[PDB]
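A.B. asks: just coords:
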RNA sequence: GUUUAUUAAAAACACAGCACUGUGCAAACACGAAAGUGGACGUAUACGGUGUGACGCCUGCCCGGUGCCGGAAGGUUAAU
Ligand SMILES: [Mg+2]
Ligand SMILES: [Mg+2]
Ligand SMILES: [Mg+2]
Ligand SMILES: [Mg+2]
Ligand SMILES: [Mg+2]
Ligand SMILES: [Mg+2]
Ligand SMILES: [Mg+2]
Ligand SMILES: [Mg+2]
Ligand SMILES: [Mg+2]
Ligand SMILES: [Mg+2]
Ligand SMILES: [Mg+2]
Ligand SMILES: [Mg+2]
Ligand SMILES: [Mg+2]
Ligand SMILES: [Mg+2]
Ligand SMILES: [Mg+2]
């Protein structure tokens, strides 16, 4: 299964690499997410004459946005009001969208598919680290304070 | 209350009632009743799939809120009512806003009590809250298997399920049959045991009591003819063969659990 | 009424909000005519033998005269608070007010 | 029913043969599966009850090539 | 109570019991080429199967055979 890469993907190489990978990794994952094009001869010279050079530009319009989503996300004092008890004893568990809602109100209008939690539940009221996946290269790190509402 | 009745007619000789004065001698709460037609153990094909079922007294379904979703609003127990459907007793309850529902009856529950489901519920028999908020070891019942699905565990009349271990997103549950099972730690469960614990103490007495409960007589196997059943035939009583189903499958001790989707949740099999 | 004495063993990783627990209990004590007599935090303290796979703790001693019903309420509060690990309820003869020698 | 909508593989019949050559009638069943497919021309998914053989065909011809055929066949998808 | 309508109505069958087992719920199981339905709008004090057949006193010994069940080192081993 030959396939050309629309973007650099880690364990197989950069953009513009006509690599033979397995079918399920190509068919179910790379293609529907649009990370790659199946290396058909109508798509070879469609890529190699045009999108071997067009996607060099089209990766820079995203890579310039990569430094934005952590530079402005360095305030780090994100406040989430949530009901709890004493020495913790949380009522409702802090979800990924809830962290994607207060940071939405201050900085990046951030999506539900951006909050990468090392912990997930965030039981104890207090500060909690929250990582972001705004691009596959650079990650934004914000230690969000949970506040006992 | 168990009562050995007196031997007036032979057929009253062994009848053991379960007397309860708590049972609301009235007609039940009509907006929570609905028709449950009988079936007689017959599918849409009209073949008798499961045997022995048929006849019996007419029964109307009671709508039991197993899912138990009114949260924050406390309840109050109006009265305890008999259920012809299930073995356990039910209780018409009432919330603050005005909705009446049926729930199951825990053992330590009488009329006029107040209960509440939620996450901030207190811990007394009758509350229902997700098991991450419940102390390990405390016996519960009415346990959901999937979050929000409605409790399918410890729902009979004299059951309960202990919470032996909590770790991460899972909790280990000692089932009533004694079978350690993981459940997700967001399933809700109702504290304490379940009411009619002496339901197993009854004795039906006469054969007609079996027929009132919709159960037809079970013919034993080796009475039949060899065309009818593997145990059939015999000049008199001959049974030189291994105890099998009517469909030939070995019965005494041959296991049948073929579900392999769910093996990662069974911590230990029963004993 | 019934002179009691309560000492209890708070998990030492919960030693930060112990006066949060003390004063709410003290309010729950004095909410029903609770004659507090001494209210003594002992801080972190090494265990003589490690309970529950750890070796430090947090101790608070408290003399209380109170009716018994709010105390049994408070007994269950220790039972489900996991900040406290062990508790003690001792029926005292009188209102002991003198500080312990191990306060020093 | 069991129709690989890309190819047309229908469950054909045959025989099970003993080593003593006692023939009994059986069927052969195609390895059909339901599978979504990222139709990029509309940027969405289309499910097809397709055998694994036709999965190689979409891997060879491309999905819009195959969807041209079923529009040409008129079979709804 | 039930049964051989029409040469047999009982000691036959059923039975309430009792015991074994299986069954964690999308249950086991059954009808189903299948979807599905019964199971059950029930959830192990439940359900299925098999045994004996109220109650009373009881229910001894044998796991060699045969099934069943568990253990996997090894030996054996299919397509591959
Ligand atoms: Mg049955
Ligand atoms: Mg029986
Ligand atoms: Mg019988
Ligand atoms: Mg016969
Ligand atoms: Mg036979
Ligand atoms: Mg004989
Ligand atoms: Mg022939
Ligand atoms: Mg007679
Ligand atoms: Mg008859
Ligand atoms: Mg006759
Ligand atoms: Mg007749
Ligand atoms: Mg006659
Ligand atoms: Mg079913
Ligand atoms: Mg018999
Ligand atoms: Mg073995």
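C.D. replies: Ah, there it is. Residues are numbered from 1 along each chain as shown, chains lettered A, B, ... in the order given. Ligands and ions are numbered 1, 2, ... in the order given.
A.B. asks: what segments of chain A are helices?
C.D. replies: A:23-24, A:41-46, A:52-66, A:68-71, A:96-102 (DSSP state H).
A.B. asks: is the second one positioned near chain D?
C.D. replies: No - under the criterion of C-beta under 8 Å from any C-beta of the partner chain, helix A:41-46 makes no contact with chain D; the nearest approach is 8.8 Å. The way it works is simple: take the backbone N, C-alpha and C, and place the C-beta from them, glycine included.
A.B. asks: list the residues that contact whichever residue of chain D sits closest to RNA strand E.
C.D. replies: Closest to RNA strand E within chain D is residue D:27: 6.0 Å, counting by C-beta to the nearest atom of the strand. Each residue near residue D:27 by C-beta atoms under 8 Å, 6 or more residues apart in numbering or on different chains is listed here: D:11-14.
A.B. asks: now, those that are in strands?
C.D. replies: Counting by DSSP state E, the contacts of residue D:27 place D:13-14 in strands.
A.B. asks: closest to residue B:168 out of the contacts of residue D:27?
C.D. replies: Closest to residue B:168 out of the contacts of residue D:27 is residue D:11 (46.5 Å), distances taken as C-beta to C-beta.
A.B. asks: just the helices in chain D please.
C.D. replies: D:52-61, D:63-73.
A.B. asks: in a markdown table: those, plus mean neighbour count and distance to chain B.
C.D. replies: Below are the helices of chain D laid out as a markdown table (neighbours: other C-beta atoms under 10 Å in any protein chain shown; distance: least, C-beta to the nearest C-beta, whole Å):
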| stretch | mean neighbour count | distance to chain B |
| --- | --- | --- |
| helix D:52-61 | 16 | 23 |
| helix D:63-73 | 14 | 31 |
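A.B. asks: out of these, which is closest to chain C?
C.D. replies: Distance to chain C, taken as C-beta to the nearest C-beta, is lowest for helix D:52-61 among the helices of chain D, at 53.8 Å.
A.B. asks: would you turn the contacts of residue D:27 into CSV with distance to chain B and neighbour count?
C.D. replies: Below are the contacts of residue D:27 laid out as CSV (distance: C-beta to the nearest C-beta, whole Å; neighbours: other C-beta atoms under 10 Å in any protein chain shown):
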residue, distance to chain B, neighbour count
D:11, 24, 12
D:12, 29, 9
D:13, 26, 8
D:14, 28, 10
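A.B. asks: which of the contacts of residue D:27 lies closest to chain C?
C.D. replies: For the contacts of residue D:27, the nearest to chain C is residue D:11 (61.7 Å; C-beta to the nearest C-beta).
A.B. asks: residues contacting that closest one?
C.D. replies: Applying C-beta under 8 Å, 6+ apart, we find residue D:11 in contact with D:2, D:27-30.
A.B. asks: what number of residues lie near residue D:76?
C.D. replies: 7 (other C-beta atoms under 10 Å in any protein chain shown).
A.B. asks: same check, this time on residue A:128
C.D. replies: 21.
A.B. asks: bridging residues for it?
C.D. replies: Residue A:128 has these beta-bridge partners by DSSP bridges: residue A:144.
A.B. asks: ok, now which ones touch it?
C.D. replies: A:94, A:119, A:122, A:143-146.
A.B. asks: for residue C:11, see how far away it is.
C.D. replies: 21 Å (C-beta to C-beta, to the nearest Å).
A.B. asks: check residue B:245 too.
C.D. replies: Distance, residue B:245 to residue C:11, using C-beta to C-beta: 57 Å.
A.B. asks: when the two are compared, which one has more neighbours?
C.D. replies: residue C:11 (18 against 13).
A.B. asks: quick check: closest non-adjacent residue to the residue nearest in space to the middle of chain A.
C.D. replies: The centroid of chain A falls nearest to residue A:133 when counting by C-alpha atoms, centre = their mean (2.8 Å). In space, and not counting its chain neighbours, residue A:133 is closest to residue A:116: 4.9 Å by C-beta to C-beta, 6 or more residues apart in numbering or on different chains.
A.B. asks: so the one you found bridges to which residues?
C.D. replies: Under the criterion used (DSSP bridges), residue A:116 bridges to residue A:131.
A.B. asks: that one is in contact with residue A:131, isn't it?
C.D. replies: Yes - counting by C-beta atoms under 8 Å, residue A:116 touches residue A:131, with 4.4 Å between them.
A.B. asks: can you pull the residues that touch both of the two?
C.D. replies: Contacts common to residue A:116 and residue A:131, judged by C-beta under 8 Å, 6+ apart, are residue A:139.
A.B. asks: stretch B:143-154 close to chain A?
C.D. replies: No - residues of stretch B:143-154 contacting chain A under C-beta under 8 Å from any C-beta: none, with a closest distance of 11.9 Å.
A.B. asks: now the end-to-end length of that stretch.
C.D. replies: In stretch B:143-154, first residue to last residue: 7 Å (C-alpha to C-alpha, to the nearest Å).
A.B. asks: check contacts around residue 36.
C.D. replies: The chain I'm using is chain A. A:3-7, A:9, A:26, A:30.
A.B. asks: ah, I was thinking of chain D
C.D. replies: D:45-47 are the contacts of residue D:36 under C-beta under 8 Å, 6+ apart.
A.B. asks: over to residue D:17?
C.D. replies: So residue D:17 contacts residue D:23 (C-beta under 8 Å, 6+ apart).
A.B. asks: how close does it sit to chain C?
C.D. replies: 67 Å (C-beta to the nearest C-beta, to the nearest Å).
A.B. asks: one more: residue A:123?
C.D. replies: Counting by C-beta to the nearest C-beta - residue A:123 and chain C are separated by 12 Å.
A.B. asks: now tabulate the contacts of residue D:11 in TSV and tack on distance to residue A:79.
C.D. replies: Shown next, in TSV, are these (distance: C-beta to C-beta, whole Å):
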residue	distance to residue A:79
D:2	58
D:27	66
D:28	65
D:29	60
D:30	59
